[PDB]
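J.:
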RNA sequence: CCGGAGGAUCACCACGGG
RNA sequence: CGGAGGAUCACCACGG
RNA sequence: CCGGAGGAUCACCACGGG
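Chains as they are written, first to last, in the entry's author numbering: chain B, 1 to 129; chain A, 1 to 129; chain C, 1 to 129; chain C', 1 to 129; chain A', 1 to 129; chain B', 1 to 129. A prime marks a further copy of an entry chain.
(1) Could you list which residues in chain B have their beta carbon closer than 9 Å to that of residue 123 of chain B', in chain order?
(2) So residue 107 of chain C' is in the alpha helix (DSSP H); what residue range does that whole segment cover?
(3) Is it buried or exposed, residue 94 of chain B', if we count other Cβ atoms within 10 angstroms and call 16 or more buried?
(4) Which runs of the beta strand (DSSP E) spanning at least 3 residues fall entirely within the stretch 26-67 of chain A, listed in chain order?
(5) Helix, strand or coil for residue 2 of chain A', going by three-state DSSP, please let me know.
(6) Locate the beta strand (DSSP E) running through residue 23 of chain A', then write down its first and last residues.
(7) Report the residue from A':52, A':26, A':34 and A':27 whose alpha carbon sits nearest the alpha carbon of residue 10 of chain A'.
(8) Can you list the residues of chain A' that residue 128 of chain C' reaches, using a CB-CB cut of under 8 Å?
(9) How many Å lie between residue 105 of chain B' and residue 108 of chain A' at the Cα?
(10) Go ahead and label residue 54 of chain B' buried or exposed: buried means 16 or more other beta carbons lie within 10 angstroms of its beta carbon, across all protein chains shown.
(11) For the alpha helix (DSSP H) containing residue 119 of chain C, list its first residue and its last residue.
(12) Sort C:13, C:15 and C:23 by Cα distance to residue 124 of chain A and report the nearest one.
(13) Between C:97, C:38 and C:66, which lies nearest to residue 56 of chain B when the distance is taken from Cα to Cα?
(14) Compile a chain-ordered list of the residues in the stretch 99-115 of chain C' whose CB is closer than 7 Å to at least one CB of chain C.
(15) I need the straight-line Cα distance from residue 115 of chain C' to residue 117 of chain A', nearest angstrom please.
(16) Below 8 Å on the Cβ atoms is my guess for residue 89 of chain B versus residue 87 of chain A; work out the distance and round it to an integer in Å.
(17) Do you know offhand how far residue 28 of chain B''s Cα is from residue 120 of chain A''s?
(18) Are residue 1 of chain B and residue 6 of chain C close, meaning C-beta to C-beta below 8 Å?
(19) Return helix, strand or coil for residue 72 of chain B', following the three-state DSSP convention.
(20) So, is the C-beta of residue 90 of chain A' closer than 8 Å to a C-beta in chain C'?
(21) Beta carbon of residue 91 of chain B', beta carbon of residue 47 of chain A': below 8 Å?
(22) Return the CA-CA distance between residue 13 of chain A' and residue 103 of chain B', expressed in angstroms with no decimal places.
(23) Would you mind reading off the limits of the beta strand (DSSP E) that contains residue 79 of chain B?
(24) To which residues of the same chain is residue 80 of chain A closer than 8 Å at the C-beta, ignoring the five residues directly before and after it?
(25) What residues from chain C crowd round residue 70 of chain A, counting only those whose CB sits closer than 9 Å?
(26) Can you name, in chain order, every residue of its own chain whose Cβ lies under 8 Å from the Cβ of residue 19 of chain C', other than the five neighbours on each side?
(27) Contact defined as beta carbons within less than 8 Å: I believe residue 26 of chain A' pairs with residue 4 of chain A'. What is the distance between those atoms, to the nearest angstrom?
(28) Could you spell out where the beta strand (DSSP E) holding residue 7 of chain A' opens and where it closes?
(29) List the whole-angstrom C-beta distance separating residue 122 of chain B from residue 101 of chain A, where the pair is believed to meet the contact cut-off of C-beta under 8 Å.
(30) Looking at chain A, which residues of the stretch 35-49 of chain C have a Cβ within less than 8 Å of any of its Cβ atoms?
(31) Just the C-alpha distance for residue 60 of chain A' and residue 50 of chain A, rounded to the nearest angstrom, thanks.
(32) Cβ closer than 7 Å: which chain B residues qualify as neighbours of residue 117 of chain A?
(33) Any beta carbon of chain C sitting closer than 8 Å to that of residue 96 of chain A?
(34) Using a Cβ cut-off of 7 Å, pull out every chain B residue sitting near residue 80 of chain C, in sequence order please.
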């Protein structure tokens with residue numbers, strides 16, 4: 001294998017797709033970013049470590065730029081107003097087999113499938129009701 | 001409408017599908033659980049709060065159990081050999097429009113699409129390289 | 001270029017081949033792990049540092065597990081009955097040229113070549129006689 | 001039968017082959033030394049012992065010299081400019097069968113096989129990258 | 001892709017070219033070295049960190065050795081009579097787009113083009129006047 | 001000689017070239033700047049001194065303006081968002097001959113030649129991977 | 001962490017600060 | 001930095 | 001409240017801060 005390759009982060013159906021590509025591997029922490037200024041880029045980082053004796057832990061982070069009214073290549077301040085941050089931590093007991101892990105991934109995909117509660121809420125600036 | 005509905009967490013092609021349903025909303029934390037004993041259930045929780053004056057934070061949690069039957073005191077009980085814990089936090093600026101938020105959702109979906117780096121590494125008990 | 005890639009640790013024909021893949025590279029310590037339950041995985045770690053003014057020191061570690069299923073309370077877990085631990089340290093003065101190093105490597109390969117004293121002894125639960 | 005015999009430590013074609021021969025076996029420590037001036041000789045030592053109730057421990061050592069002529073006062077002596085030192089320890093539980101041990105050996109051979117990460121790094125005065 | 005590749009540091013027209021290759025990435029510091037003994041090697045290191053909340057800093061280092069053969073204790077060893085050290089730090093705002101960064105690279109290349117002031121002064125052991 | 005002359009800092013192939021010209025020589029520190037407001041200019045300074053008994057040290061500094069979305073002749077704040085800073089320090093032992101120094105310059109040109117790792121990384125808002 | 005036309009035997013050191 | 005020092009193995013007690 | 005490629009038996013815990 002060798003999974004450190006570019007991929008489509010935002011699939012807008014061929015036209016308007018956002019692709020992130022390998023941009024750093026310092027300290028075993030893999031990083032991908034879109035072709036933008038670092039302040040307006042889509043960033044993705046991932047790393048895995050043995051957090052405890054019984055667990056392994058994947059730490060995934062994603063940064064998504066606010067696009068509405070954005071000025072490409074411009075200086076947009078304050079930073080906190082123009083960016084969303086996603087921080088995921090996946091803890092997997094050392095007993096998990098590859099199959100177990102496939103299931104875990106399926107569960108994550110299901111959680112965010114289109115039309116499901118969580119994604120629908122987020123996409124509508126809403127909570128649960 | 002009302003987005004607090006049941007959904008398929010683990011899609012196994014209609015056969016062996018794991019479905020979670022609304023089970024609690026006490027204290028502003030929306031909860032879903034699979035049709036199991038509380039000790040062997042899949043669990044999904046979600047809550048959103050206005051973290052800062054200009055940010056909103058979604059806190060999502062998923063628990064994937066490895067079901068087993070343990071014999072305690074000569075008696076068989078339904079338990080979980082272990083659990084995998086997904087803990088994710090998403091911070092979105094209040095200036096994010098609905099289109100801005102859909103972007104975030106699409107990015108998260110892309111991050112975990114089958115074949116992409118992260119899900120591949122996870123499912124193979126490996127890091128990124 | 002990158003030498004932090006996956007490789008065959010055990011060449012059992014072309015079938016039961018044990019392969020280890022990059023898992024983590026934190027704090028100057030590269031680590032490879034075979035697939036499936038981390039609890040039954042093979043582990044290889046390597047690191048190099050300047051031990052002294054004139055010496056560079058490599059520290060390699062290998063773990064060979066004895067795969068087994070542990071049952072307790074009627075609950076089975078994939079585990080390692082026990083593990084064989086290999087800990088080696090190689091010291092090379094900074095005056096060593098690439099050729100000097102190639103030699104050192106050949107010496108290591110020769111020391112463990114099939115049929116030679118040391119490998120033969122180990123493979124037979126024996127010492128020197 | 002005897003495995004305390006001479007062997008080829010360095011396979012440089014079929015010419016500049018470095019061979020080490022039994023020199024001493026005092027106090028459970030077998031020692032091989034290449035021919036000619038002991039001052040410029042290659043050294044290999046090996047010993048095994050019961051490190052604990054369940055573990056047997058092998059301790060192998062190898063010395064690779066950089067041959068050189070030292071001149072002082074107009075007096076030349078065959079010496080070693082410096083030496084590369086390999087010190088390795090292998091721990092094997094007493095439950096290991098001969099097959100288990102053969103595996104351990106294959107793992108060691110694989111770790112140093114030509115082309116693999118660790119050997120490549122060493123042979124090139126490099127670390128992992 | 002992967003930009004961690006070997007390259008020609010000193011172009012001497014194909015004859016007497018100094019080439020450096022990836023040799024280490026431990027601790028987030030990418031290192032390249034020439035095919036020499038560690039004591040006589042050319043060395044290039046590079047690291048990038050997010051210095052401030054809005055800046056990124058590249059730290060590049062180059063070591064140019066004056067190779068020599070020193071006789072220590074009547075023995076000849078490959079050493080460096082002395083070394084020239086280049087230490088450069090580049091701070092780029094996160095708002096810099098790719099085009100903005102190409103500008104920086106072009107400026108640095110221009111700064112050192114043959115015939116220009118700075119390189120002329122340096123190569124002549126003189127200041128600017 | 002007399003190297004304190006104007007030169008092309010950014011070569012964009014005849015059209016769109018950035019030229020910096022002598023603008024100050026206070027304290028032996030030579031300075032060049034482009035035809036812009038000091039806040040948006042390309043600035044270059046260079047000075048050389050005997051840093052220690054065995055070394056001479058050239059200190060070169062370069063400031064490059066962020067051009068994307070720039071408003072020519074306008075007031076752009078904060079300054080740190082619109083400028084990149086390069087600080088180079090070259091230490092050369094007093095034994096270095098002119099030839100030695102020519103080599104040092106070649107090494108610097110090589111380090112930044114188009115297509116090489118460092119320039120490629122910088123130009124792509126990336127690290128090494 | 002930040003600064004110096006601060007030093008180095010060069011991924012280190014001292015100083016100065018908040 | 002040392003040990004044919006121990007380990008459940010990037011840890012541990014001792015000696016400097 | 002905020003931060004950590006901090007930990008968890010997982011809506012909890014410790015630490016670090018203002």
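We put the CB at the ideal spot given by N, CA and C, even for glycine.
T.: Reading from the atomic positions:
(1) At a C-beta separation below 9 Å, residue 123 of chain B' has no neighbours in chain B, since its nearest C-beta there lies roughly 12 Å away.
(2) For residue 107 of chain C', the enclosing alpha helix (DSSP H) starts and ends at 98-111.
(3) Residue 94 of chain B' is exposed by the Cβ-count criterion.
(4) Taken in chain order, the complete beta strand (DSSP E) segments of 3 residues or longer contained in the stretch 26-67 of chain A are 30-34 and 43-49.
(5) Here residue 2 of chain A' sits in coil by DSSP.
(6) First-last of the beta strand (DSSP E) with residue 23 of chain A': 18-24.
(7) The shortest C-alpha separation from residue 10 of chain A' is found at A':34.
(8) Here the neighbours are 24, 25 and 26.
(9) When rounded, the distance between both Cα atoms is 13 Å.
(10) By the neighbour-count rule (16 or more Cβ atoms within 10 Å), residue 54 of chain B' is not buried but exposed.
(11) Per DSSP, residue 119 of chain C is one residue of the alpha helix (DSSP H) stretching across 117-123.
(12) The residue with the shortest Cα to Cα distance from residue 124 of chain A is C:23.
(13) The shortest CA-to-CA distance from residue 56 of chain B to any of C:97, C:38 and C:66 is the one to C:38.
(14) Per Cβ criterion, the list reads 100, 101, 102, 103, 104, 105, 106, 107, 108, 109, 110, 111 and 112.
(15) CA-to-CA, the gap between residue 115 of chain C' and residue 117 of chain A' works out to about 47 Å.
(16) Their Cβ separation, rounded to whole angstroms, is 5 Å, which keeps residue 89 of chain B and residue 87 of chain A in contact under 8 Å.
(17) So the two alpha carbons sit approximately 17 Å from each other.
(18) Yes.
(19) Residue 72 of chain B': coil per DSSP, three-state reduction.
(20) Residue contact with chain C' for residue 90 of chain A': absent (no Cβ-Cβ distance below 8 Å to any residue of chain C').
(21) Result no, Cβ atoms of residue 91 of chain B' and residue 47 of chain A' do not sit closer than 8 Å.
(22) Those two C-alpha atoms are separated by around 13 Å.
(23) Per DSSP, residue 79 of chain B lies in no beta strand (DSSP E) segment and is marked neither H nor E.
(24) Non-local beta-carbon contacts of residue 80 of chain A in its own chain, meaning distances under 8 Å to residues more than five positions away in sequence, involve 39, 40, 65, 66, 67 and 68 in chain order.
(25) 72, 73, 74 and 75, listed in chain order.
(26) Counting only Cβ-Cβ distances below 8 Å, and skipping sequence neighbours, we find 6, 7, 8, 9, 34 and 35.
(27) The C-beta separation of residue 26 of chain A' from residue 4 of chain A' comes to about 13 Å, leaving the pair out of contact by the 8 Å criterion.
(28) Residue 7 of chain A' -> beta strand (DSSP E) spans 7-10.
(29) Yes, they are in contact, since the Cβ atoms of residue 122 of chain B and residue 101 of chain A sit about 6 Å apart, within 8 Å.
(30) Near chain A, meaning a CB-to-CB distance below 8 Å, the residues of the stretch 35-49 of chain C are 35, 36, 37, 38 and 41.
(31) Using only the alpha carbons, I get a separation of about 43 Å.
(32) Correct list: 3, 4, 5 and 7.
(33) No, because no Cβ of chain C sits closer than 8 Å to the Cβ of residue 96 of chain A.
(34) Within 7 Å Cβ-Cβ: nothing; residue 80 of chain C doesn't reach chain B, min ~10 Å.
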